[PDB]
>>> print(open('query07.pdb').read())   # PDB, C-alpha atoms
ATOM      1  CA  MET A  80      71.743  96.954 169.066  1.00  0.00           C
ATOM      2  CA  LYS A  81      73.105  93.693 167.640  1.00  0.00           C
ATOM      3  CA  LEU A  82      71.446  94.413 164.286  1.00  0.00           C
ATOM      4  CA  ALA A  83      73.004  97.885 164.171  1.00  0.00           C
ATOM      5  CA  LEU A  84      76.423  96.413 164.974  1.00  0.00           C
ATOM      6  CA  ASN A  85      75.931  93.703 162.341  1.00  0.00           C
ATOM      7  CA  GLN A  86      74.917  96.281 159.729  1.00  0.00           C
ATOM      8  CA  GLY A  87      78.033  98.313 160.497  1.00  0.00           C
ATOM      9  CA  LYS A  88      80.241  95.230 160.279  1.00  0.00           C
ATOM     10  CA  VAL A  89      78.541  94.228 157.019  1.00  0.00           C
ATOM     11  CA  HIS A  90      79.163  97.675 155.533  1.00  0.00           C
ATOM     12  CA  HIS A  91      82.825  97.509 156.568  1.00  0.00           C
ATOM     13  CA  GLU A  92      83.192  94.001 155.130  1.00  0.00           C
ATOM     14  CA  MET A  93      81.483  95.085 151.899  1.00  0.00           C
ATOM     15  CA  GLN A  94      83.890  98.010 151.540  1.00  0.00           C
ATOM     16  CA  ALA A  95      86.854  95.706 152.181  1.00  0.00           C
ATOM     17  CA  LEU A  96      85.504  93.166 149.682  1.00  0.00           C
ATOM     18  CA  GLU A  97      84.981  95.849 147.031  1.00  0.00           C
ATOM     19  CA  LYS A  98      88.557  97.064 147.514  1.00  0.00           C
ATOM     20  CA  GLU A  99      89.851  93.485 147.324  1.00  0.00           C
ATOM     21  CA  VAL A 100      87.791  92.831 144.184  1.00  0.00           C
ATOM     22  CA  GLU A 101      89.145  95.959 142.494  1.00  0.00           C
ATOM     23  CA  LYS A 102      92.703  94.960 143.407  1.00  0.00           C
ATOM     24  CA  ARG A 103      92.079  91.422 142.139  1.00  0.00           C
ATOM     25  CA  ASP A 104      90.667  92.712 138.845  1.00  0.00           C
ATOM     26  CA  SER A 105      93.670  94.996 138.345  1.00  0.00           C
ATOM     27  CA  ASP A 106      96.074  92.162 139.185  1.00  0.00           C
ATOM     28  CA  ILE A 107      94.234  89.779 136.847  1.00  0.00           C
ATOM     29  CA  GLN A 108      94.406  92.259 133.966  1.00  0.00           C
ATOM     30  CA  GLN A 109      98.109  92.876 134.612  1.00  0.00           C
ATOM     31  CA  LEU A 110      98.861  89.147 134.819  1.00  0.00           C
ATOM     32  CA  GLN A 111      96.893  88.532 131.611  1.00  0.00           C
ATOM     33  CA  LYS A 112      98.906  91.193 129.781  1.00  0.00           C
ATOM     34  CA  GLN A 113     102.144  89.746 131.174  1.00  0.00           C
ATOM     35  CA  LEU A 114     101.075  86.230 130.169  1.00  0.00           C
ATOM     36  CA  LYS A 115     100.269  87.337 126.618  1.00  0.00           C
ATOM     37  CA  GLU A 116     103.669  89.039 126.414  1.00  0.00           C
ATOM     38  CA  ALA A 117     105.426  85.943 127.780  1.00  0.00           C
ATOM     39  CA  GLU A 118     103.565  83.691 125.331  1.00  0.00           C
ATOM     40  CA  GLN A 119     104.582  85.909 122.410  1.00  0.00           C
ATOM     41  CA  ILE A 120     108.180  85.895 123.669  1.00  0.00           C
ATOM     42  CA  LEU A 121     108.134  82.102 124.026  1.00  0.00           C
ATOM     43  CA  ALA A 122     106.762  81.711 120.497  1.00  0.00           C
ATOM     44  CA  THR A 123     109.478  84.011 119.145  1.00  0.00           C
ATOM     45  CA  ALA A 124     112.146  82.090 121.070  1.00  0.00           C
ATOM     46  CA  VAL A 125     110.907  78.710 119.829  1.00  0.00           C
ATOM     47  CA  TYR A 126     110.907  80.110 116.288  1.00  0.00           C
ATOM     48  CA  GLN A 127     114.418  81.590 116.515  1.00  0.00           C
ATOM     49  CA  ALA A 128     115.902  78.553 118.292  1.00  0.00           C
ATOM     50  CA  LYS A 129     115.633  76.332 115.185  1.00  0.00           C
TER      51      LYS A 129
ATOM     52  CA  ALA B  66     128.683  96.643  79.307  1.00  0.00           C
ATOM     53  CA  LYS B  67     129.223  99.582  81.668  1.00  0.00           C
ATOM     54  CA  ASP B  68     126.385  98.439  83.937  1.00  0.00           C
ATOM     55  CA  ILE B  69     127.710  94.864  83.993  1.00  0.00           C
ATOM     56  CA  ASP B  70     131.217  96.090  84.833  1.00  0.00           C
ATOM     57  CA  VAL B  71     129.992  98.412  87.596  1.00  0.00           C
ATOM     58  CA  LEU B  72     127.830  95.628  89.042  1.00  0.00           C
ATOM     59  CA  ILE B  73     130.692  93.114  89.005  1.00  0.00           C
ATOM     60  CA  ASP B  74     132.965  95.687  90.660  1.00  0.00           C
ATOM     61  CA  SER B  75     130.433  96.762  93.309  1.00  0.00           C
ATOM     62  CA  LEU B  76     129.210  93.201  93.957  1.00  0.00           C
ATOM     63  CA  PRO B  77     129.745  91.404  97.280  1.00  0.00           C
ATOM     64  CA  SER B  78     133.524  90.924  97.437  1.00  0.00           C
ATOM     65  CA  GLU B  79     133.674  88.145 100.038  1.00  0.00           C
ATOM     66  CA  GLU B  80     132.855  84.428 100.115  1.00  0.00           C
ATOM     67  CA  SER B  81     133.856  83.607  96.528  1.00  0.00           C
ATOM     68  CA  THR B  82     136.506  81.298  97.978  1.00  0.00           C
ATOM     69  CA  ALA B  83     135.787  79.535 101.287  1.00  0.00           C
ATOM     70  CA  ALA B  84     137.322  81.365 104.263  1.00  0.00           C
ATOM     71  CA  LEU B  85     135.810  84.849 104.605  1.00  0.00           C
ATOM     72  CA  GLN B  86     132.252  83.506 104.415  1.00  0.00           C
ATOM     73  CA  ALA B  87     133.078  80.802 106.965  1.00  0.00           C
ATOM     74  CA  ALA B  88     134.609  83.332 109.370  1.00  0.00           C
ATOM     75  CA  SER B  89     131.630  85.676 108.985  1.00  0.00           C
ATOM     76  CA  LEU B  90     129.220  82.793 109.606  1.00  0.00           C
ATOM     77  CA  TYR B  91     131.176  81.726 112.698  1.00  0.00           C
ATOM     78  CA  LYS B  92     131.148  85.271 114.095  1.00  0.00           C
ATOM     79  CA  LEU B  93     127.418  85.574 113.382  1.00  0.00           C
ATOM     80  CA  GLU B  94     126.792  82.229 115.095  1.00  0.00           C
ATOM     81  CA  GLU B  95     128.769  83.309 118.167  1.00  0.00           C
ATOM     82  CA  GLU B  96     126.852  86.595 118.346  1.00  0.00           C
ATOM     83  CA  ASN B  97     123.575  84.699 117.931  1.00  0.00           C
ATOM     84  CA  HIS B  98     124.536  82.290 120.722  1.00  0.00           C
ATOM     85  CA  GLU B  99     125.344  85.181 123.066  1.00  0.00           C
ATOM     86  CA  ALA B 100     122.075  86.917 122.167  1.00  0.00           C
ATOM     87  CA  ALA B 101     120.169  83.659 122.677  1.00  0.00           C
ATOM     88  CA  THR B 102     121.719  83.191 126.122  1.00  0.00           C
ATOM     89  CA  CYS B 103     120.753  86.754 127.065  1.00  0.00           C
ATOM     90  CA  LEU B 104     117.226  86.234 125.718  1.00  0.00           C
ATOM     91  CA  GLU B 105     116.915  82.944 127.616  1.00  0.00           C
ATOM     92  CA  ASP B 106     117.932  84.658 130.860  1.00  0.00           C
ATOM     93  CA  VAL B 107     115.426  87.460 130.225  1.00  0.00           C
ATOM     94  CA  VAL B 108     112.673  84.973 129.352  1.00  0.00           C
ATOM     95  CA  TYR B 109     113.396  82.969 132.504  1.00  0.00           C
ATOM     96  CA  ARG B 110     113.112  86.139 134.591  1.00  0.00           C
ATOM     97  CA  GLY B 111     109.847  87.051 132.866  1.00  0.00           C
ATOM     98  CA  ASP B 112     108.432  83.554 133.336  1.00  0.00           C
ATOM     99  CA  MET B 113     109.368  83.664 137.024  1.00  0.00           C
ATOM    100  CA  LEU B 114     107.575  87.007 137.367  1.00  0.00           C
ATOM    101  CA  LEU B 115     104.519  85.632 135.555  1.00  0.00           C
ATOM    102  CA  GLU B 116     104.505  82.538 137.779  1.00  0.00           C
ATOM    103  CA  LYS B 117     104.696  84.719 140.893  1.00  0.00           C
ATOM    104  CA  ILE B 118     101.800  86.834 139.608  1.00  0.00           C
ATOM    105  CA  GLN B 119      99.763  83.705 138.843  1.00  0.00           C
ATOM    106  CA  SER B 120     100.457  82.295 142.311  1.00  0.00           C
ATOM    107  CA  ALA B 121      99.386  85.589 143.891  1.00  0.00           C
ATOM    108  CA  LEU B 122      96.200  85.599 141.803  1.00  0.00           C
ATOM    109  CA  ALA B 123      95.421  82.002 142.778  1.00  0.00           C
ATOM    110  CA  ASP B 124      96.001  82.804 146.454  1.00  0.00           C
ATOM    111  CA  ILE B 125      93.731  85.853 146.208  1.00  0.00           C
ATOM    112  CA  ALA B 126      91.019  83.788 144.509  1.00  0.00           C
ATOM    113  CA  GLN B 127      91.349  81.056 147.149  1.00  0.00           C
ATOM    114  CA  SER B 128      90.218  83.532 149.827  1.00  0.00           C
TER     115      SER B 128
ATOM    116  CA  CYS C  15     121.238  80.702 114.171  1.00  0.00           C
ATOM    117  CA  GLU C  16     120.050  79.737 110.671  1.00  0.00           C
ATOM    118  CA  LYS C  17     116.413  80.211 111.729  1.00  0.00           C
ATOM    119  CA  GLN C  18     115.290  82.130 108.629  1.00  0.00           C
ATOM    120  CA  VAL C  19     112.651  79.477 107.884  1.00  0.00           C
ATOM    121  CA  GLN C  20     110.788  80.442 111.059  1.00  0.00           C
ATOM    122  CA  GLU C  21     111.841  84.108 110.969  1.00  0.00           C
ATOM    123  CA  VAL C  22     110.276  84.636 107.521  1.00  0.00           C
ATOM    124  CA  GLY C  23     107.117  82.719 108.392  1.00  0.00           C
ATOM    125  CA  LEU C  24     104.773  85.536 107.350  1.00  0.00           C
ATOM    126  CA  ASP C  25     101.686  83.390 106.728  1.00  0.00           C
ATOM    127  CA  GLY C  26     103.839  80.696 105.130  1.00  0.00           C
ATOM    128  CA  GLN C  32     101.218  85.075 116.185  1.00  0.00           C
ATOM    129  CA  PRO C  33     100.129  85.339 119.826  1.00  0.00           C
ATOM    130  CA  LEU C  34      98.523  82.590 121.915  1.00  0.00           C
ATOM    131  CA  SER C  35      95.634  81.492 119.696  1.00  0.00           C
ATOM    132  CA  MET C  36      92.411  81.074 121.661  1.00  0.00           C
ATOM    133  CA  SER C  37      91.171  78.538 119.098  1.00  0.00           C
ATOM    134  CA  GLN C  38      94.149  76.265 119.786  1.00  0.00           C
ATOM    135  CA  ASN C  39      93.451  76.407 123.524  1.00  0.00           C
ATOM    136  CA  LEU C  40      89.772  75.685 122.851  1.00  0.00           C
ATOM    137  CA  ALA C  41      90.628  72.652 120.715  1.00  0.00           C
ATOM    138  CA  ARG C  42      93.082  71.384 123.338  1.00  0.00           C
ATOM    139  CA  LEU C  43      90.432  71.786 126.043  1.00  0.00           C
ATOM    140  CA  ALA C  44      87.877  69.959 123.889  1.00  0.00           C
ATOM    141  CA  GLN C  45      90.387  67.136 123.446  1.00  0.00           C
ATOM    142  CA  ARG C  46      91.084  67.151 127.198  1.00  0.00           C
ATOM    143  CA  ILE C  47      87.589  67.721 128.637  1.00  0.00           C
ATOM    144  CA  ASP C  48      86.166  65.049 126.334  1.00  0.00           C
ATOM    145  CA  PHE C  49      86.536  62.361 129.016  1.00  0.00           C
ATOM    146  CA  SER C  50      88.109  62.159 132.481  1.00  0.00           C
ATOM    147  CA  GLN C  51      90.307  59.196 131.589  1.00  0.00           C
TER     148      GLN C  51
ATOM    149  CA  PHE D 116     126.997  82.748  81.180  1.00  0.00           C
ATOM    150  CA  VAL D 117     130.101  81.529  83.026  1.00  0.00           C
ATOM    151  CA  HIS D 118     130.686  84.997  84.490  1.00  0.00           C
ATOM    152  CA  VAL D 119     127.034  85.247  85.558  1.00  0.00           C
ATOM    153  CA  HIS D 120     127.212  81.846  87.259  1.00  0.00           C
ATOM    154  CA  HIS D 121     130.437  82.827  89.031  1.00  0.00           C
ATOM    155  CA  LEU D 122     128.913  86.113  90.211  1.00  0.00           C
ATOM    156  CA  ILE D 123     125.805  84.310  91.483  1.00  0.00           C
ATOM    157  CA  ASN D 124     127.901  81.743  93.354  1.00  0.00           C
ATOM    158  CA  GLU D 125     130.033  84.515  94.868  1.00  0.00           C
ATOM    159  CA  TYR D 126     127.073  86.683  95.906  1.00  0.00           C
ATOM    160  CA  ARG D 127     124.913  83.889  97.356  1.00  0.00           C
ATOM    161  CA  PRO D 128     127.008  83.014 100.453  1.00  0.00           C
ATOM    162  CA  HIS D 129     127.759  86.604 101.486  1.00  0.00           C
ATOM    163  CA  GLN D 130     124.097  87.575 101.106  1.00  0.00           C
ATOM    164  CA  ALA D 131     123.022  84.505 103.090  1.00  0.00           C
ATOM    165  CA  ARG D 132     125.459  85.319 105.903  1.00  0.00           C
ATOM    166  CA  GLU D 133     124.328  88.955 105.986  1.00  0.00           C
ATOM    167  CA  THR D 134     120.678  87.874 106.125  1.00  0.00           C
ATOM    168  CA  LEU D 135     121.408  85.420 108.946  1.00  0.00           C
ATOM    169  CA  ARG D 136     123.259  88.098 110.925  1.00  0.00           C
ATOM    170  CA  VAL D 137     120.417  90.579 110.386  1.00  0.00           C
ATOM    171  CA  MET D 138     117.894  87.967 111.530  1.00  0.00           C
ATOM    172  CA  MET D 139     119.930  87.224 114.662  1.00  0.00           C
ATOM    173  CA  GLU D 140     120.173  90.945 115.444  1.00  0.00           C
ATOM    174  CA  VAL D 141     116.425  91.392 114.907  1.00  0.00           C
ATOM    175  CA  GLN D 142     115.668  88.442 117.192  1.00  0.00           C
ATOM    176  CA  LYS D 143     117.966  89.851 119.885  1.00  0.00           C
ATOM    177  CA  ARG D 144     116.344  93.286 119.628  1.00  0.00           C
ATOM    178  CA  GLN D 145     112.834  91.817 119.790  1.00  0.00           C
ATOM    179  CA  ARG D 146     113.746  89.714 122.832  1.00  0.00           C
ATOM    180  CA  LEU D 147     115.259  92.725 124.606  1.00  0.00           C
ATOM    181  CA  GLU D 148     112.190  94.838 123.809  1.00  0.00           C
ATOM    182  CA  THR D 149     109.869  92.103 125.091  1.00  0.00           C
ATOM    183  CA  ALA D 150     111.902  91.797 128.297  1.00  0.00           C
ATOM    184  CA  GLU D 151     111.799  95.566 128.845  1.00  0.00           C
ATOM    185  CA  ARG D 152     108.047  95.632 128.197  1.00  0.00           C
ATOM    186  CA  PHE D 153     107.515  92.775 130.657  1.00  0.00           C
ATOM    187  CA  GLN D 154     109.606  94.589 133.272  1.00  0.00           C
ATOM    188  CA  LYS D 155     107.603  97.795 132.802  1.00  0.00           C
ATOM    189  CA  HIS D 156     104.341  95.837 132.995  1.00  0.00           C
ATOM    190  CA  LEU D 157     105.445  94.144 136.223  1.00  0.00           C
ATOM    191  CA  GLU D 158     106.401  97.544 137.644  1.00  0.00           C
ATOM    192  CA  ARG D 159     102.977  98.954 136.757  1.00  0.00           C
ATOM    193  CA  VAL D 160     101.351  95.869 138.295  1.00  0.00           C
ATOM    194  CA  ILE D 161     103.288  96.330 141.541  1.00  0.00           C
ATOM    195  CA  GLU D 162     102.292 100.005 141.537  1.00  0.00           C
ATOM    196  CA  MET D 163      98.611  99.148 141.089  1.00  0.00           C
ATOM    197  CA  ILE D 164      98.879  96.497 143.819  1.00  0.00           C
ATOM    198  CA  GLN D 165     100.507  98.843 146.337  1.00  0.00           C
ATOM    199  CA  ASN D 166      97.974 101.533 145.367  1.00  0.00           C
ATOM    200  CA  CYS D 167      95.107  99.829 147.213  1.00  0.00           C
TER     201      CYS D 167
END
>>> encode(input="query07.pdb", output="structure tokens")
Amino acid sequence: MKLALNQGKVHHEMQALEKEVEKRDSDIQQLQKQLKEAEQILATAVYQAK
Amino acid sequence: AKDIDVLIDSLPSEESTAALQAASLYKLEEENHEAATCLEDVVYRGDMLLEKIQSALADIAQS
Amino acid sequence: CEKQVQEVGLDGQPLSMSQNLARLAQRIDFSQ
Amino acid sequence: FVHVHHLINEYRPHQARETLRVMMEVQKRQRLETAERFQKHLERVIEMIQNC
């Protein structure tokens, strides 16, 4: 009985971890795009500041 | 001769002296300062958003 | 204003990965 | 030669001022476009975050 309960809890935790990993990957990609955009903007600003 | 005359007539009639060019440069500098202030505000907002996203990513990775 | 020198800098430009790699090599060289 | 030198001296400052104004306008437009793109990217990021 304890092994069945532990297997169920492990499946639930694995589903939650997969969802969290997908969300983290999406957030990391979005933050990387935003960071590249901000770096380009900072380079342009440092160039135009003179 | 006709081309030279037409070019001298249609040339830039402006800063041959010293006041029109100075006024145009001052207006351009004021516009550039306003645009630079706006761009600095926008860049500060974007950097704040990027810092918030980075903090959220670090907190998610810390789990 | 008067930033044409940097505005016309067409090979004379995002975050270069090589620059970050060189900076890391200069930083991770020793934990001073 | 004197007329050519006078025309060059008269056309240099106006052209320089026009180029500087065009460069300032281009920088302003690029900064505004970058800010709008960053805002749209942050909106898409918030949408993807609230999706899960």
>>> closest_residue(input="query07.pdb", among="B:78, B:100, B:112, B:67", to="residue 141 of chain D", atoms="all atoms listed in the file")
B:100
>>> residues_around(input="query07.pdb", residues="segment 91-101 of chain A", least_positions_apart="5", cutoff="9 Å", atoms="all atoms listed in the file", output="VMD selection string")
(chain A and resid 86 106) or (chain B and resid 125) or (chain D and resid 167)
>>> atom_distance(input="query07.pdb", atom1="atom CA of residue 108 of chain A", atom2="atom CA of residue 127 of chain B")
17.6 Å
>>> interface_residues(input="query07.pdb", of="chain C", to="chain B", cutoff="12 Å", atoms="only C-alpha atoms", output="list in words")
residues 15, 16 and 17 of chain C
>>> resolve_selection(input="query07.pdb", expression="the PyMOL selection byres ((chain C and resi 34-42) around 10)", output="list in words")
residues 114, 115, 116, 117, 118, 119, 121 and 122 of chain A; 32, 33, 43, 44, 45, 46, 47 and 48 of chain C
>>> write_last_selection(input="query07.pdb", atoms="C-alpha atoms", output="PDB file, in the coordinates of the input")
ATOM      1  CA  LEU A 114     101.075  86.230 130.169  1.00  0.00           C
ATOM      2  CA  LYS A 115     100.269  87.337 126.618  1.00  0.00           C
ATOM      3  CA  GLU A 116     103.669  89.039 126.414  1.00  0.00           C
ATOM      4  CA  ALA A 117     105.426  85.943 127.780  1.00  0.00           C
ATOM      5  CA  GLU A 118     103.565  83.691 125.331  1.00  0.00           C
ATOM      6  CA  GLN A 119     104.582  85.909 122.410  1.00  0.00           C
ATOM      7  CA  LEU A 121     108.134  82.102 124.026  1.00  0.00           C
ATOM      8  CA  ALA A 122     106.762  81.711 120.497  1.00  0.00           C
TER       9      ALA A 122
ATOM     10  CA  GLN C  32     101.218  85.075 116.185  1.00  0.00           C
ATOM     11  CA  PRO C  33     100.129  85.339 119.826  1.00  0.00           C
ATOM     12  CA  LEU C  43      90.432  71.786 126.043  1.00  0.00           C
ATOM     13  CA  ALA C  44      87.877  69.959 123.889  1.00  0.00           C
ATOM     14  CA  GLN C  45      90.387  67.136 123.446  1.00  0.00           C
ATOM     15  CA  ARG C  46      91.084  67.151 127.198  1.00  0.00           C
ATOM     16  CA  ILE C  47      87.589  67.721 128.637  1.00  0.00           C
ATOM     17  CA  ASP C  48      86.166  65.049 126.334  1.00  0.00           C
TER      18      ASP C  48
END
>>> resolve_selection(input="query07.pdb", expression="the ChimeraX specification (/A :<8) & /D", output="mmCIF file with C-alpha atoms, in the frame of the given file")
data_model
loop_
_atom_site.group_PDB
_atom_site.id
_atom_site.type_symbol
_atom_site.label_atom_id
_atom_site.label_comp_id
_atom_site.auth_asym_id
_atom_site.auth_seq_id
_atom_site.Cartn_x
_atom_site.Cartn_y
_atom_site.Cartn_z
ATOM 1 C CA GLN D 142 115.668 88.442 117.192
ATOM 2 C CA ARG D 146 113.746 89.714 122.832
ATOM 3 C CA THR D 149 109.869 92.103 125.091
ATOM 4 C CA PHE D 153 107.515 92.775 130.657
ATOM 5 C CA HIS D 156 104.341 95.837 132.995
ATOM 6 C CA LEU D 157 105.445 94.144 136.223
ATOM 7 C CA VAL D 160 101.351 95.869 138.295
ATOM 8 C CA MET D 163 98.611 99.148 141.089
ATOM 9 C CA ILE D 164 98.879 96.497 143.819
ATOM 10 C CA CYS D 167 95.107 99.829 147.213
#
>>> atom_distance(input="query07.pdb", atom1="atom CA of residue 73 of chain B", atom2="atom CA of residue 88 of chain B")
22.9 Å
>>> resolve_selection(input="query07.pdb", expression="the PyMOL selection byres ((chain B and resi 89) around 12)", output="ChimeraX atom specification")
/B:79-80,83-88,90-96 /D:128-136
>>> interface_residues(input="query07.pdb", of="chain B", to="chain A", cutoff="9 Å", atoms="only C-alpha atoms", output="ChimeraX atom specification")
/B:101,104-105,108,111-112,114-115,118-119,121-122,125-126
>>> write_last_selection(input="query07.pdb", atoms="C-alpha atoms", output="mmCIF file, in the coordinates of the input")
data_model
loop_
_atom_site.group_PDB
_atom_site.id
_atom_site.type_symbol
_atom_site.label_atom_id
_atom_site.label_comp_id
_atom_site.auth_asym_id
_atom_site.auth_seq_id
_atom_site.Cartn_x
_atom_site.Cartn_y
_atom_site.Cartn_z
ATOM 1 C CA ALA B 101 120.169 83.659 122.677
ATOM 2 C CA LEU B 104 117.226 86.234 125.718
ATOM 3 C CA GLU B 105 116.915 82.944 127.616
ATOM 4 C CA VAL B 108 112.673 84.973 129.352
ATOM 5 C CA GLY B 111 109.847 87.051 132.866
ATOM 6 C CA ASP B 112 108.432 83.554 133.336
ATOM 7 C CA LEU B 114 107.575 87.007 137.367
ATOM 8 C CA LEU B 115 104.519 85.632 135.555
ATOM 9 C CA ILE B 118 101.800 86.834 139.608
ATOM 10 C CA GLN B 119 99.763 83.705 138.843
ATOM 11 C CA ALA B 121 99.386 85.589 143.891
ATOM 12 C CA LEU B 122 96.200 85.599 141.803
ATOM 13 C CA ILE B 125 93.731 85.853 146.208
ATOM 14 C CA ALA B 126 91.019 83.788 144.509
#
>>> closest_residue(input="query07.pdb", among="D:140, D:127, D:120, D:154", to="chain C", atoms="all atoms listed in the file")
D:140
>>> closest_residue(input="query07.pdb", among="B:81, B:128, B:109, B:117", to="chain D", atoms="all atoms listed in the file")
B:81
>>> atom_distance(input="query07.pdb", atom1="atom CA of residue 148 of chain D", atom2="atom CA of residue 107 of chain B")
10.3 Å
